[PDB]
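Colleague: Input my_file32.tsv, format and content: TSV, C-alpha atoms.
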chain	number	residue	atom	x	y	z
K	1	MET	CA	0.00	0.00	0.00
K	2	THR	CA	0.99	3.67	0.10
K	3	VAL	CA	3.04	5.23	2.89
K	4	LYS	CA	2.64	8.81	4.09
K	5	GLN	CA	3.66	10.89	7.10
K	6	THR	CA	2.57	14.23	8.56
K	7	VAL	CA	5.40	16.74	8.86
K	8	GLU	CA	5.10	20.17	10.48
K	9	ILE	CA	6.82	22.93	8.51
K	10	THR	CA	8.58	25.22	10.98
K	11	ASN	CA	8.90	28.01	8.41
K	12	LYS	CA	11.46	25.84	6.62
K	13	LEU	CA	10.57	22.89	4.40
K	14	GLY	CA	14.24	22.01	4.87
K	15	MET	CA	17.65	23.15	3.65
K	16	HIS	CA	16.52	25.89	1.26
K	17	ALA	CA	14.97	24.49	-1.92
K	18	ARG	CA	17.48	21.64	-2.14
K	19	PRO	CA	14.99	19.14	-0.66
K	20	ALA	CA	12.40	19.82	-3.35
K	21	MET	CA	15.04	19.71	-6.07
K	22	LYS	CA	16.70	16.65	-4.54
K	23	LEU	CA	13.34	14.88	-4.45
K	24	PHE	CA	13.31	14.86	-8.25
K	25	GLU	CA	16.67	13.10	-8.18
K	26	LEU	CA	15.53	10.70	-5.46
K	27	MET	CA	12.41	9.72	-7.39
K	28	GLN	CA	14.79	8.58	-10.13
K	29	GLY	CA	17.18	6.81	-7.76
K	30	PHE	CA	14.39	5.16	-5.76
K	31	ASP	CA	11.46	3.12	-7.06
K	32	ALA	CA	8.28	4.88	-5.97
K	33	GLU	CA	6.10	7.95	-6.51
K	34	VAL	CA	6.31	10.79	-3.99
K	35	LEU	CA	3.46	13.25	-3.51
K	36	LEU	CA	3.11	16.24	-1.18
K	37	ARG	CA	-0.09	17.70	0.26
K	38	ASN	CA	-0.82	20.75	2.41
K	39	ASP	CA	-3.27	20.83	5.31
K	40	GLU	CA	-5.40	23.02	3.05
K	41	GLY	CA	-5.86	19.89	0.94
K	42	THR	CA	-3.67	21.23	-1.86
K	43	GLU	CA	-1.86	18.40	-3.64
K	44	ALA	CA	1.67	19.71	-4.19
K	45	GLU	CA	2.69	17.00	-6.66
K	46	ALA	CA	6.46	16.72	-6.31
K	47	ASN	CA	6.40	16.34	-10.10
K	48	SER	CA	5.21	19.92	-10.60
K	49	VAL	CA	7.17	23.15	-10.19
K	50	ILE	CA	3.92	25.02	-9.55
K	51	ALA	CA	3.24	22.76	-6.57
K	52	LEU	CA	6.65	23.49	-5.06
K	53	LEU	CA	5.87	27.20	-5.20
K	54	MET	CA	2.61	26.62	-3.32
K	55	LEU	CA	4.42	24.69	-0.59
K	56	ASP	CA	6.67	27.69	-0.03
K	57	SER	CA	3.60	29.50	1.31
K	58	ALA	CA	3.14	26.60	3.72
K	59	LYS	CA	5.54	28.35	6.09
K	60	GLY	CA	4.18	27.26	9.46
K	61	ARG	CA	1.54	24.92	8.03
K	62	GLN	CA	1.23	21.14	8.20
K	63	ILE	CA	1.61	18.88	5.16
K	64	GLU	CA	1.13	15.19	4.36
K	65	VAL	CA	3.90	13.56	2.35
K	66	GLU	CA	2.82	10.39	0.55
K	67	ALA	CA	5.07	7.85	-1.16
K	68	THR	CA	4.12	4.74	-3.14
K	69	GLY	CA	6.54	2.05	-4.29
K	70	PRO	CA	8.95	-0.63	-2.99
K	71	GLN	CA	11.35	2.07	-1.80
K	72	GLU	CA	8.44	4.36	-0.93
K	73	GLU	CA	9.91	4.23	2.57
K	74	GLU	CA	13.32	5.48	1.46
K	75	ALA	CA	11.83	8.31	-0.59
K	76	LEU	CA	9.57	9.33	2.29
K	77	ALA	CA	12.36	8.86	4.84
K	78	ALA	CA	14.76	10.87	2.70
K	79	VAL	CA	12.27	13.72	2.40
K	80	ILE	CA	11.45	13.60	6.11
K	81	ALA	CA	15.14	13.54	7.01
K	82	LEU	CA	15.70	16.61	4.84
K	83	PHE	CA	12.69	18.43	6.28
K	84	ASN	CA	13.92	17.65	9.79
K	85	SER	CA	17.31	19.07	8.82
How would this structure read if it were set down as structure tokens?
Modeller:
Amino acid sequence: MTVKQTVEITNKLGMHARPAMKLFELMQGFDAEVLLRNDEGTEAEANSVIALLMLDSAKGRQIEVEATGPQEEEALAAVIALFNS
């Protein structure tokens, strides 16, 4: 099944915009689809630049990162690790 995890954005989705950019590279290195979602219910598809811009406004908001695939855990863990600094 799919694997997601709620992560609170403390006015910093992580190390600058590297996380978002790195995600694109991770999706290629890992086998699984990663998707981001804001508490507002806005699906910030990690495969869309427009979505990344919307997440930027999520400074202090909660989001729900979802990952599907064999390595879905790695992708999600990698993103969570980056968001946690």
Colleague: Write out as a list in words each polymer residue whose atoms come within 10 Å of residue K:79, counting only C-alpha atoms; drop sequence neighbours fewer than 6 positions from it.
Modeller: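 In the requested format, the answer is residues 7, 13, 14, 19, 20, 22, 23, 26, 34, 65, 67, 73 and 85 of chain K.
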Colleague: Which value, in Å to one decimal, gives the distance between atom CA of residue K:58 and atom CA of residue K:70?
Modeller: 28.6 Å
Colleague: Quote the spacing between atom CA of residue K:4 and atom CA of residue K:43 in Å to one decimal place.
Modeller: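 About the pair atom CA of residue K:4 and atom CA of residue K:43: they are 13.1 Å apart.
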Colleague: How far is it from atom CA of residue K:37 to atom CA of residue K:64, in Å with one decimal?
Modeller: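 Between atom CA of residue K:37 and atom CA of residue K:64 the gap works out to 5.0 Å.
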Colleague: Name the residues, using the chain letters and numbers of the file, that sit within 12 Å of (-4.0, 23.2, -3.3) when counting only C-alpha atoms, and give them as a short mmCIF file (atom, residue, chain, number, x, y, z; two decimals) with C-alpha atoms, in the frame of the given file.
Modeller:
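Saved the output as result.cif:
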data_model
loop_
_atom_site.label_atom_id
_atom_site.label_comp_id
_atom_site.auth_asym_id
_atom_site.auth_seq_id
_atom_site.Cartn_x
_atom_site.Cartn_y
_atom_site.Cartn_z
CA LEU K 36 3.11 16.24 -1.18
CA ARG K 37 -0.09 17.70 0.26
CA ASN K 38 -0.82 20.75 2.41
CA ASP K 39 -3.27 20.83 5.31
CA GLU K 40 -5.40 23.02 3.05
CA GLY K 41 -5.86 19.89 0.94
CA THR K 42 -3.67 21.23 -1.86
CA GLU K 43 -1.86 18.40 -3.64
CA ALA K 44 1.67 19.71 -4.19
CA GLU K 45 2.69 17.00 -6.66
CA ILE K 50 3.92 25.02 -9.55
CA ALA K 51 3.24 22.76 -6.57
CA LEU K 52 6.65 23.49 -5.06
CA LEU K 53 5.87 27.20 -5.20
CA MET K 54 2.61 26.62 -3.32
CA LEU K 55 4.42 24.69 -0.59
CA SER K 57 3.60 29.50 1.31
CA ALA K 58 3.14 26.60 3.72
CA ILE K 63 1.61 18.88 5.16
#
